[PDB]
Amino acid sequence: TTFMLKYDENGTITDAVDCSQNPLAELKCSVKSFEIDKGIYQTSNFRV
Amino acid sequence: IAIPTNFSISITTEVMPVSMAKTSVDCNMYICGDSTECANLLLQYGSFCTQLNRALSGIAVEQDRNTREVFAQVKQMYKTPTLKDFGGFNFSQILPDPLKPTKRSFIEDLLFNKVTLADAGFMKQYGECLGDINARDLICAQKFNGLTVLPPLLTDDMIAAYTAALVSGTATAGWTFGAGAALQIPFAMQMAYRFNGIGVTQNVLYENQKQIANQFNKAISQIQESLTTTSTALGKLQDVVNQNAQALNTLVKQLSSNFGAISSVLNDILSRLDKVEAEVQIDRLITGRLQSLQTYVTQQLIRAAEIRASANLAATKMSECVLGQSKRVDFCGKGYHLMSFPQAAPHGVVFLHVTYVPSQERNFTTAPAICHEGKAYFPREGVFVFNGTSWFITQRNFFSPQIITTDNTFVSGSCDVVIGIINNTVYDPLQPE
Amino acid sequence: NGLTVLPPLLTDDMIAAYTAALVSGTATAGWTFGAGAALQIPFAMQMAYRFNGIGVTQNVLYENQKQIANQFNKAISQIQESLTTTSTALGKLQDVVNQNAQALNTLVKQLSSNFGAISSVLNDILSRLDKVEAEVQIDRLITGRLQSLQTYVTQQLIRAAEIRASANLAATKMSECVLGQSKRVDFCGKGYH
Amino acid sequence: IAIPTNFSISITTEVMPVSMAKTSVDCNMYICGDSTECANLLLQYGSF
Amino acid sequence: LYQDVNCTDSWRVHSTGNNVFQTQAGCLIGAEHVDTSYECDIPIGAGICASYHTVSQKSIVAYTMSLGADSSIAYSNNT
Ligand SMILES: *[C@@H]1O[C@H](CO[C@@H]2O[C@@H](C)[C@@H](O)[C@@H](O)[C@@H]2O)[C@@H](O[C@@H]2O[C@H](CO)[C@@H](O[C@@H]3O[C@H](CO)[C@@H](O)[C@H](O)[C@@H]3O)[C@H](O)[C@H]2NC(C)=O)[C@H](O)[C@H]1NC(C)=O
Ligand SMILES: *[C@@H]1O[C@H](CO[C@@H]2O[C@@H](C)[C@@H](O)[C@@H](O)[C@@H]2O)[C@@H](O[C@@H]2O[C@H](CO)[C@@H](O[C@@H]3O[C@H](CO)[C@@H](O)[C@H](O)[C@@H]3O)[C@H](O)[C@H]2NC(C)=O)[C@H](O)[C@H]1NC(C)=O
Ligand SMILES: *[C@@H]1O[C@H](CO[C@@H]2O[C@@H](C)[C@@H](O)[C@@H](O)[C@@H]2O)[C@@H](O[C@@H]2O[C@H](CO)[C@@H](O[C@@H]3O[C@H](CO)[C@@H](O)[C@H](O)[C@@H]3O)[C@H](O)[C@H]2NC(C)=O)[C@H](O)[C@H]1NC(C)=O
Ligand SMILES: *[C@@H]1O[C@H](CO)[C@@H](O[C@@H]2O[C@H](CO)[C@@H](O[C@@H]3O[C@H](CO)[C@@H](O)[C@H](O)[C@@H]3O)[C@H](O)[C@H]2NC(C)=O)[C@H](O)[C@H]1NC(C)=O
Ligand SMILES: *[C@@H]1O[C@H](CO[C@@H]2O[C@@H](C)[C@@H](O)[C@@H](O)[C@@H]2O)[C@@H](O[C@@H]2O[C@H](CO)[C@@H](O)[C@H](O)[C@H]2NC(C)=O)[C@H](O)[C@H]1NC(C)=O
Ligand SMILES: *[C@@H]1O[C@H](CO[C@@H]2O[C@@H](C)[C@@H](O)[C@@H](O)[C@@H]2O)[C@@H](O[C@@H]2O[C@H](CO)[C@@H](O)[C@H](O)[C@H]2NC(C)=O)[C@H](O)[C@H]1NC(C)=O
Ligand SMILES: *[C@@H]1O[C@H](CO)[C@@H](O)[C@H](O)[C@H]1NC(C)=O
Ligand SMILES: *[C@@H]1O[C@H](CO)[C@@H](O)[C@H](O)[C@H]1NC(C)=O
């Protein structure tokens, strides 16, 4: 799976996002940020 | 000098694109389909897809903004009048019919018939596509490759409601609702004001009201009949639709092009070749398909710039011809603009520009000024003409001779300076006493 | 190298005929031929009307007709003399011409660039290498030259958009300044048009 | 208040581009010249 | 929002947790439909907009966009 890891000032991994958990996580991984603004965003087409 | 003696009411159609299709691309779907290996290789290659989707989403928001700027120019949704006849002017064709189920006006129905929009609605279920595979539908083909078209925010019904509100406001209030609060005014008086606004006195409109109303109605019927034909009047909107469809279809067809790889079929490459050679070939294919998507997005941006210019012009036309009378030459129809009406059309608007076209010009002998006693009188508001026996002062755009009198003339200087001055007499109103 | 320039549909003589017709119409009819049927009017009276347009009474034009005509003639002669020199007044049109020529010439020159291939000379590649290796090198060259053509076409599209904006503005100027008197500030020259 | 007493008739020039050169490209000629092998390879590559 | 799914009556959706319902733009999951019309906050499409409102707690509510304040301004021919 694909993960977005966060490296802080000291270079330690302090947080991560699992891109496949839910649509919100996929959006976070696509925009490359832990914070998403209010609105509507296109995500991946429904995959099976 | 040639002075028109009669006039015609002309109604001309101006077709303007206002928006184009909002599209989005599933970069992974288009480039890799359902291959996991290709998805990992695309991740390794680098994500240029976020940039593409940022551009496309900007374009889509821009399309919604274009539609809002063109059509959403009224604060309040004025109700459609019960009666469609205003002082003899018949608005039935351009206002929604209470009885019919369309909810749009008749001309709007004709316009929506003229343009072929390909697929109706923006919903295509997976079962639908799988159940009609034999018919190689283009929409299914491009949805299976990650290309999707998003519905416009404002539906055709809402745009038609905006158009109906605009038409009703101009019919009942006129120009006053574009500046402040809509002020009611009888339609004939509004027409008299708009006649005064092109240099023709209100007397002309009031004294020929029925004839002018008949001319307006006949013009409406003639535009209706011309639209009720297989003519390509709406070629611009059809061109926009065709351009969008062709761009998507060529994007679908470009998937068949080898980009220096042994094949354009990902499954074939992955079935024949192991990880390394497959990676080489798939890198070539990824580069090629990324270039195809980038070309599509660049062309979409350029087309969207053109469409935004058209939409800005359409908004300006709605502001200056629908919400007011424009004095700019050839901006709101050809001739002396009287008014305009908007009609929704697929991906655009159609302006019915009502203009005053003078006709039946008659020749007269003219004079720059009139020498009376020892002073040069000038027409003030009008022009001097020779009717054959007596000199008269008449407005330029409509031959209405009037007795020359101090009221309609202003004196300045002596007759020596004037070059082509003509000897004549100028009556004075005080002479009756 | 396959790059051709197509002649414009309207010849320079035809465009000059259009310009002459426009000038003659404004001289004889004036503004009336932009709305309906051209109506004849003496030029002095048209000048009086256009003076009334900018808020100056007609007697100003009529009582100073000879002086105003002399000023107009002198202005015409001054523009003639200014154009007669070797100035860069028409820098915009020369810029358009130079841009087109430079785009085509850089397209020609880019054929010398290797795009990762051993050489930019197709004949050399086909003379040294057999079908497969030549195919690899020629595929590199094809990708590069297709990119060159795509860049040229994209730049042409952007330039054409700019030229279209200019041409739309020129058509608007023709309508509102030639076929009529514009009240917009600083649209048709600086001053009271 | 300042009121003008005289006036001048000014004639100013406005230079406006209207059109640019119409061009067309023989894609095969540019990319391949007169080579038949290159023409076949270009066909195989795809018609952009 | 699933643009190509009909859920009026297994669906191709992610979770279908609750508040599943159909709109002109497709199957919306996770929003409470309200019959009142407001101004558009988050445009969904096909005349549908979403917002974050206090609910009978705060939740995502989808509704039909309000085109504007309806007014009469009745026509008259002598006033
Ligand atoms: C100008 O010429 C019109 C007729 O010209 C022709 O018809 C016009 C309606 C336009 O379509 C023109 O492009 C076209 O060439 C003269 O009008 C004719 O007579 C009457 C009176 O003007 C017109 O309507 C009348 O209106 C009232 C109310 O009904 C009554 O007098 C009559 O019952 C009649 O309806 C009539 O439509 C028109 N004739 C035709 C065949 O259209 C007009 O008189 C003339 N100019 C002026 C200043 O009167
Ligand atoms: C406004 O001022 C002008 C003169 O001003 C100068 O000339 C104008 C034509 C414009 O180019 C201005 O920008 C410029 O500053 C007065 O009229 C002109 O004055 C001249 C000189 O006095 C007049 O003489 C004419 O030409 C020669 C030289 O004097 C003689 O043969 C004649 O006497 C002839 O009149 C001339 O009439 C006039 N210019 C012409 C006709 O081209 C002007 O009087 C003043 N304002 C008003 C309201 O009159
Ligand atoms: C999404 O699905 C809804 C509901 O599901 C519909 O009914 C199911 C039993 C299945 O057959 C589904 O495949 C089918 O879609 C659809 O709503 C349906 O719309 C149709 C077309 O407007 C309605 O048929 C009409 O109903 C009346 C009574 O006959 C008349 O207007 C017409 O004669 C015609 O028969 C149908 O009643 C309606 N169903 C319900 C339950 O409301 C919907 O069309 C479909 N697609 C969308 C929403 O895009
Ligand atoms: C304003 O213009 C509309 C044009 O739509 C007029 O409505 C039209 O009126 C005519 C004449 O009555 C109708 O023709 C009739 O149609 C049927 C046969 O098709 C039948 O009733 C008669 O034999 C006659 O031919 C026409 O259908 C009708 N059109 C519509 C769309 O309703 C309207 O009358 C005008 N209003 C005024 C006040 O003049
Ligand atoms: C880690 O670095 C921090 C300072 O960086 C901040 O805190 C980090 C934990 C992380 O969140 C960064 O992005 C921040 O910018 C050090 O924090 C201080 O460390 C000193 C000792 O060096 C300690 O006495 C203080 O209490 C700490 N707190 C603050 C607020 O300064 C931290 O020590 C580093 N970790 C080490 C040295 O192991
Ligand atoms: C109106 O025109 C007549 C005829 O001349 C024509 O129009 C002039 C304005 C000019 O453009 C001429 O070249 C045209 O041929 C004018 O008649 C002239 O006037 C003189 C002096 O009175 C007379 O003897 C001559 O026959 C005419 N001269 C010429 C060269 O034609 C007339 O004066 C003009 N009227 C006005 C009020 O301007
Ligand atoms: C000119 O005016 C007179 C004024 O009585 C009028 O009788 C005549 O018909 C008019 N027309 C012509 C051509 O003289
Ligand atoms: C006008 O009348 C005056 C006398 O009042 C005369 O001198 C002059 O010549 C006349 N003008 C014309 C143009 O006939």
# chains A, B, ... in the order shown; residues from 1 in each chain; ligands from 1

$ residues_near_ligand --ligand "ligand 6" --cutoff "12 Å" --atoms "only C-alpha atoms and all ligand atoms" --output "PyMOL selection string"
(chain B and resi 365-370+418-423) or (chain C and resi 27-28+41-45+62+65)

$ write_last_selection --atoms "N, CA, C and O atoms" --output "mmCIF file, in the first residue's frame"
data_model
loop_
_atom_site.group_PDB
_atom_site.id
_atom_site.type_symbol
_atom_site.label_atom_id
_atom_site.label_comp_id
_atom_site.auth_asym_id
_atom_site.auth_seq_id
_atom_site.Cartn_x
_atom_site.Cartn_y
_atom_site.Cartn_z
ATOM 1 N N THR B 365 -32.743 69.694 -50.351
ATOM 2 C CA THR B 365 -31.725 70.735 -50.368
ATOM 3 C C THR B 365 -31.572 71.293 -48.959
ATOM 4 O O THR B 365 -32.557 71.701 -48.337
ATOM 5 N N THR B 366 -30.340 71.306 -48.460
ATOM 6 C CA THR B 366 -30.050 71.676 -47.083
ATOM 7 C C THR B 366 -29.220 72.953 -47.031
ATOM 8 O O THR B 366 -28.723 73.449 -48.044
ATOM 9 N N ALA B 367 -29.075 73.482 -45.813
ATOM 10 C CA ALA B 367 -28.362 74.722 -45.567
ATOM 11 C C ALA B 367 -27.750 74.665 -44.173
ATOM 12 O O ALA B 367 -28.472 74.364 -43.209
ATOM 13 N N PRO B 368 -26.452 74.945 -44.024
ATOM 14 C CA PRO B 368 -25.840 74.862 -42.687
ATOM 15 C C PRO B 368 -26.469 75.795 -41.669
ATOM 16 O O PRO B 368 -26.527 75.450 -40.483
ATOM 17 N N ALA B 369 -26.937 76.966 -42.086
ATOM 18 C CA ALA B 369 -27.530 77.924 -41.164
ATOM 19 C C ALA B 369 -28.484 78.813 -41.947
ATOM 20 O O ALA B 369 -28.514 78.789 -43.179
ATOM 21 N N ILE B 370 -29.265 79.602 -41.214
ATOM 22 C CA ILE B 370 -30.278 80.475 -41.801
ATOM 23 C C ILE B 370 -29.955 81.909 -41.406
ATOM 24 O O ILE B 370 -29.836 82.218 -40.216
ATOM 25 N N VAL B 418 -20.692 82.664 -41.768
ATOM 26 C CA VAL B 418 -21.232 81.410 -42.277
ATOM 27 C C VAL B 418 -20.897 81.263 -43.754
ATOM 28 O O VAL B 418 -20.993 82.219 -44.535
ATOM 29 N N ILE B 419 -20.498 80.053 -44.143
ATOM 30 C CA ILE B 419 -20.046 79.814 -45.511
ATOM 31 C C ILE B 419 -21.233 79.645 -46.451
ATOM 32 O O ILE B 419 -21.422 80.428 -47.389
ATOM 33 N N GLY B 420 -22.048 78.621 -46.213
ATOM 34 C CA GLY B 420 -23.160 78.320 -47.092
ATOM 35 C C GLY B 420 -24.504 78.739 -46.536
ATOM 36 O O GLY B 420 -25.502 78.046 -46.738
ATOM 37 N N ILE B 421 -24.548 79.875 -45.838
ATOM 38 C CA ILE B 421 -25.795 80.315 -45.231
ATOM 39 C C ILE B 421 -26.846 80.559 -46.312
ATOM 40 O O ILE B 421 -26.534 80.955 -47.442
ATOM 41 N N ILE B 422 -28.107 80.322 -45.956
ATOM 42 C CA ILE B 422 -29.240 80.499 -46.856
ATOM 43 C C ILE B 422 -30.171 81.549 -46.270
ATOM 44 O O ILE B 422 -30.502 81.507 -45.081
ATOM 45 N N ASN B 423 -30.592 82.489 -47.110
ATOM 46 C CA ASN B 423 -31.570 83.486 -46.697
ATOM 47 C C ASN B 423 -32.917 82.814 -46.460
ATOM 48 O O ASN B 423 -33.383 82.030 -47.293
ATOM 49 N N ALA C 27 -16.696 60.067 -45.751
ATOM 50 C CA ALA C 27 -16.603 61.404 -46.327
ATOM 51 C C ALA C 27 -17.942 61.864 -46.890
ATOM 52 O O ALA C 27 -18.342 63.015 -46.688
ATOM 53 N N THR C 28 -18.649 60.981 -47.595
ATOM 54 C CA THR C 28 -19.878 61.350 -48.287
ATOM 55 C C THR C 28 -21.109 61.183 -47.403
ATOM 56 O O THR C 28 -21.923 62.103 -47.288
ATOM 57 N N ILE C 41 -24.622 63.561 -46.918
ATOM 58 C CA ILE C 41 -24.595 64.772 -46.103
ATOM 59 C C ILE C 41 -23.340 65.563 -46.455
ATOM 60 O O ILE C 41 -22.263 64.969 -46.602
ATOM 61 N N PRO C 42 -23.418 66.886 -46.602
ATOM 62 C CA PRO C 42 -22.197 67.664 -46.845
ATOM 63 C C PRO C 42 -21.221 67.533 -45.686
ATOM 64 O O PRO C 42 -21.617 67.465 -44.521
ATOM 65 N N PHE C 43 -19.928 67.515 -46.016
ATOM 66 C CA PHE C 43 -18.915 67.222 -45.007
ATOM 67 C C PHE C 43 -18.904 68.269 -43.899
ATOM 68 O O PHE C 43 -18.678 67.940 -42.730
ATOM 69 N N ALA C 44 -19.129 69.537 -44.244
ATOM 70 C CA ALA C 44 -19.134 70.581 -43.223
ATOM 71 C C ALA C 44 -20.253 70.358 -42.212
ATOM 72 O O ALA C 44 -20.059 70.551 -41.007
ATOM 73 N N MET C 45 -21.434 69.950 -42.680
ATOM 74 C CA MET C 45 -22.527 69.677 -41.753
ATOM 75 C C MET C 45 -22.252 68.439 -40.908
ATOM 76 O O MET C 45 -22.630 68.396 -39.731
ATOM 77 N N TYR C 62 -18.781 76.167 -37.653
ATOM 78 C CA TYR C 62 -19.120 76.911 -38.864
ATOM 79 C C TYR C 62 -18.357 78.229 -38.945
ATOM 80 O O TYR C 62 -17.831 78.581 -40.006
ATOM 81 N N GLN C 65 -14.583 77.565 -39.758
ATOM 82 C CA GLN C 65 -14.472 76.428 -40.666
ATOM 83 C C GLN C 65 -13.122 76.408 -41.371
ATOM 84 O O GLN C 65 -12.468 75.362 -41.444
#

$ residues_near_ligand --ligand "ligand 2" --cutoff "7 Å" --atoms "only C-alpha atoms and all ligand atoms" --output "MDAnalysis selection string"
(chainID C and resid 64 66:68 70:71) or (chainID D and resid 5:8)

$ residues_around --residues "residue 23 of chain E" --least-positions-apart "2" --cutoff "12 Å" --atoms "only C-alpha atoms" --output "ChimeraX atom specification"
/B:123 /E:1-8,20-21,25-29,31-34,44-50,62-64

$ residues_near_ligand --ligand "ligand 1" --cutoff "6 Å" --atoms "only C-alpha atoms and all ligand atoms" --output "count of residues only"
5

$ residues_near_ligand --ligand "ligand 4" --cutoff "8 Å" --atoms "only C-alpha atoms and all ligand atoms" --output "PDB file with C-alpha atoms, in the first residue's frame"
ATOM      1  CA  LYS B  84     -47.988  37.716 -22.507  1.00  0.00           C
ATOM      2  CA  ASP B  85     -49.274  40.778 -24.417  1.00  0.00           C
ATOM      3  CA  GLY B  88     -49.724  44.844 -28.391  1.00  0.00           C
ATOM      4  CA  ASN B  90     -46.557  39.647 -27.988  1.00  0.00           C
ATOM      5  CA  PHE B  91     -43.988  38.031 -25.676  1.00  0.00           C
ATOM      6  CA  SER B  92     -45.444  34.514 -25.804  1.00  0.00           C
ATOM      7  CA  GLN B  93     -42.599  32.971 -27.804  1.00  0.00           C
ATOM      8  CA  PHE B 106     -40.923  28.127 -27.388  1.00  0.00           C
ATOM      9  CA  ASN B 217     -44.492  40.573 -33.723  1.00  0.00           C
ATOM     10  CA  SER B 221     -42.443  35.175 -36.035  1.00  0.00           C
TER      11      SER B 221
END

$ residues_near_ligand --ligand "ligand 7" --cutoff "12 Å" --atoms "only C-alpha atoms and all ligand atoms" --output "PyMOL selection string"
chain B and resi 362-365+385-393+399-403

$ write_last_selection --atoms "C-alpha atoms" --output "PDB file, in the first residue's frame"
ATOM      1  CA  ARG B 362     -35.802  61.208 -49.484  1.00  0.00           C
ATOM      2  CA  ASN B 363     -33.432  63.846 -50.854  1.00  0.00           C
ATOM      3  CA  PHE B 364     -33.654  67.509 -49.888  1.00  0.00           C
ATOM      4  CA  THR B 365     -31.725  70.735 -50.368  1.00  0.00           C
ATOM      5  CA  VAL B 385     -34.101  71.018 -45.280  1.00  0.00           C
ATOM      6  CA  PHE B 386     -35.930  72.375 -48.321  1.00  0.00           C
ATOM      7  CA  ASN B 387     -39.270  70.657 -48.891  1.00  0.00           C
ATOM      8  CA  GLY B 388     -39.647  72.223 -52.346  1.00  0.00           C
ATOM      9  CA  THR B 389     -41.452  75.436 -51.409  1.00  0.00           C
ATOM     10  CA  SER B 390     -40.606  76.183 -47.760  1.00  0.00           C
ATOM     11  CA  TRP B 391     -37.680  75.503 -45.446  1.00  0.00           C
ATOM     12  CA  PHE B 392     -38.281  73.221 -42.466  1.00  0.00           C
ATOM     13  CA  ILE B 393     -36.316  71.877 -39.505  1.00  0.00           C
ATOM     14  CA  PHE B 399     -38.487  63.011 -41.599  1.00  0.00           C
ATOM     15  CA  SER B 400     -40.819  65.111 -39.428  1.00  0.00           C
ATOM     16  CA  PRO B 401     -40.651  68.653 -40.833  1.00  0.00           C
ATOM     17  CA  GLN B 402     -41.449  71.435 -38.377  1.00  0.00           C
ATOM     18  CA  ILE B 403     -41.939  75.160 -38.864  1.00  0.00           C
TER      19      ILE B 403
END

$ closest_residue --among "B:81, B:374, B:324, B:178" --to "ligand 8" --atoms "only C-alpha atoms and all ligand atoms"
B:374

$ residues_around --residues "residue 150 of chain C" --least-positions-apart "3" --cutoff "12 Å" --atoms "only C-alpha atoms" --output "NGL selection string"
(:B and (291-292 or 294-296 or 298-299)) or (:C and (107 or 142-147 or 153-157)) or (:D and (25 or 27 or 48))

$ residues_around --residues "residue 72 of chain B" --least-positions-apart "3" --cutoff "10 Å" --atoms "only C-alpha atoms" --output "ChimeraX atom specification"
/B:65-69,75-77,158-159,162-163,165-166,315 /E:67-68

$ select_by_dssp --residues "chain C" --states "strand (DSSP E or B)" --output "ChimeraX atom specification"
/C:3-6

$ residues_around --residues "residue 169 of chain C" --least-positions-apart "6" --cutoff "12 Å" --atoms "only C-alpha atoms" --output "PDB file with N, CA, C and O atoms, in the first residue's frame"
ATOM      1  N   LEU B 313     -17.611  38.765 -22.817  1.00  0.00           N
ATOM      2  CA  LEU B 313     -18.342  39.586 -23.775  1.00  0.00           C
ATOM      3  C   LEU B 313     -19.846  39.386 -23.630  1.00  0.00           C
ATOM      4  O   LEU B 313     -20.618  40.342 -23.735  1.00  0.00           O
TER       5      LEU B 313
ATOM      6  N   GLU C 162      -3.715  36.062 -28.837  1.00  0.00           N
ATOM      7  CA  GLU C 162      -3.392  37.477 -28.655  1.00  0.00           C
ATOM      8  C   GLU C 162      -3.785  38.294 -29.884  1.00  0.00           C
ATOM      9  O   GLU C 162      -4.361  39.386 -29.767  1.00  0.00           O
ATOM     10  N   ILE C 163      -3.494  37.771 -31.076  1.00  0.00           N
ATOM     11  CA  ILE C 163      -3.847  38.466 -32.307  1.00  0.00           C
ATOM     12  C   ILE C 163      -5.358  38.563 -32.453  1.00  0.00           C
ATOM     13  O   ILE C 163      -5.868  39.545 -32.991  1.00  0.00           O
ATOM     14  N   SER C 175     -15.999  49.883 -35.708  1.00  0.00           N
ATOM     15  CA  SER C 175     -17.424  50.132 -35.528  1.00  0.00           C
ATOM     16  C   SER C 175     -17.676  51.450 -34.802  1.00  0.00           C
ATOM     17  O   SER C 175     -18.500  52.259 -35.239  1.00  0.00           O
ATOM     18  N   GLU C 176     -16.973  51.689 -33.694  1.00  0.00           N
ATOM     19  CA  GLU C 176     -17.327  52.780 -32.792  1.00  0.00           C
ATOM     20  C   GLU C 176     -16.600  54.089 -33.078  1.00  0.00           C
ATOM     21  O   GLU C 176     -17.042  55.136 -32.595  1.00  0.00           O
ATOM     22  N   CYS C 177     -15.504  54.066 -33.836  1.00  0.00           N
ATOM     23  CA  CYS C 177     -14.759  55.272 -34.180  1.00  0.00           C
ATOM     24  C   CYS C 177     -14.865  55.654 -35.648  1.00  0.00           C
ATOM     25  O   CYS C 177     -14.854  56.844 -35.963  1.00  0.00           O
ATOM     26  N   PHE C 187     -10.737  56.052 -25.960  1.00  0.00           N
ATOM     27  CA  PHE C 187     -10.896  54.869 -26.795  1.00  0.00           C
ATOM     28  C   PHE C 187     -10.471  55.138 -28.234  1.00  0.00           C
ATOM     29  O   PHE C 187      -9.696  54.368 -28.809  1.00  0.00           O
ATOM     30  N   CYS C 188     -10.966  56.222 -28.824  1.00  0.00           N
ATOM     31  CA  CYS C 188     -10.607  56.625 -30.181  1.00  0.00           C
ATOM     32  C   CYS C 188      -9.744  57.879 -30.070  1.00  0.00           C
ATOM     33  O   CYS C 188     -10.230  59.005 -30.169  1.00  0.00           O
TER      34      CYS C 188
ATOM     35  N   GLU D  14      -2.937  55.012 -34.370  1.00  0.00           N
ATOM     36  CA  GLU D  14      -3.042  53.814 -33.550  1.00  0.00           C
ATOM     37  C   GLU D  14      -2.793  52.613 -34.447  1.00  0.00           C
ATOM     38  O   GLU D  14      -3.579  52.346 -35.360  1.00  0.00           O
ATOM     39  N   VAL D  15      -1.697  51.906 -34.196  1.00  0.00           N
ATOM     40  CA  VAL D  15      -1.297  50.754 -34.993  1.00  0.00           C
ATOM     41  C   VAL D  15      -1.815  49.503 -34.304  1.00  0.00           C
ATOM     42  O   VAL D  15      -1.521  49.272 -33.125  1.00  0.00           O
ATOM     43  N   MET D  16      -2.586  48.694 -35.029  1.00  0.00           N
ATOM     44  CA  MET D  16      -3.229  47.520 -34.450  1.00  0.00           C
ATOM     45  C   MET D  16      -2.960  46.310 -35.333  1.00  0.00           C
ATOM     46  O   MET D  16      -3.372  46.304 -36.512  1.00  0.00           O
ATOM     47  N   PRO D  17      -2.285  45.277 -34.833  1.00  0.00           N
ATOM     48  CA  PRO D  17      -2.225  44.020 -35.582  1.00  0.00           C
ATOM     49  C   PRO D  17      -3.622  43.453 -35.780  1.00  0.00           C
ATOM     50  O   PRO D  17      -4.475  43.532 -34.894  1.00  0.00           O
ATOM     51  N   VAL D  18      -3.854  42.884 -36.963  1.00  0.00           N
ATOM     52  CA  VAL D  18      -5.126  42.266 -37.300  1.00  0.00           C
ATOM     53  C   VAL D  18      -4.976  40.776 -37.570  1.00  0.00           C
ATOM     54  O   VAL D  18      -5.843  39.983 -37.192  1.00  0.00           O
TER      55      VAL D  18
END

$ interface_residues --of "chain E" --to "chain A" --cutoff "8 Å" --atoms "only C-alpha atoms" --output "PDB file with C-alpha atoms, in the first residue's frame"
ATOM      1  CA  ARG E  12     -20.732   0.327  -6.317  1.00  0.00           C
ATOM      2  CA  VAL E  13     -19.977   2.512  -3.300  1.00  0.00           C
ATOM      3  CA  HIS E  14     -17.376   2.551  -0.542  1.00  0.00           C
ATOM      4  CA  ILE E  42     -20.171  23.865  -1.615  1.00  0.00           C
ATOM      5  CA  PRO E  43     -21.560  23.324  -5.133  1.00  0.00           C
ATOM      6  CA  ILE E  44     -22.259  19.636  -5.696  1.00  0.00           C
TER       7      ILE E  44
END
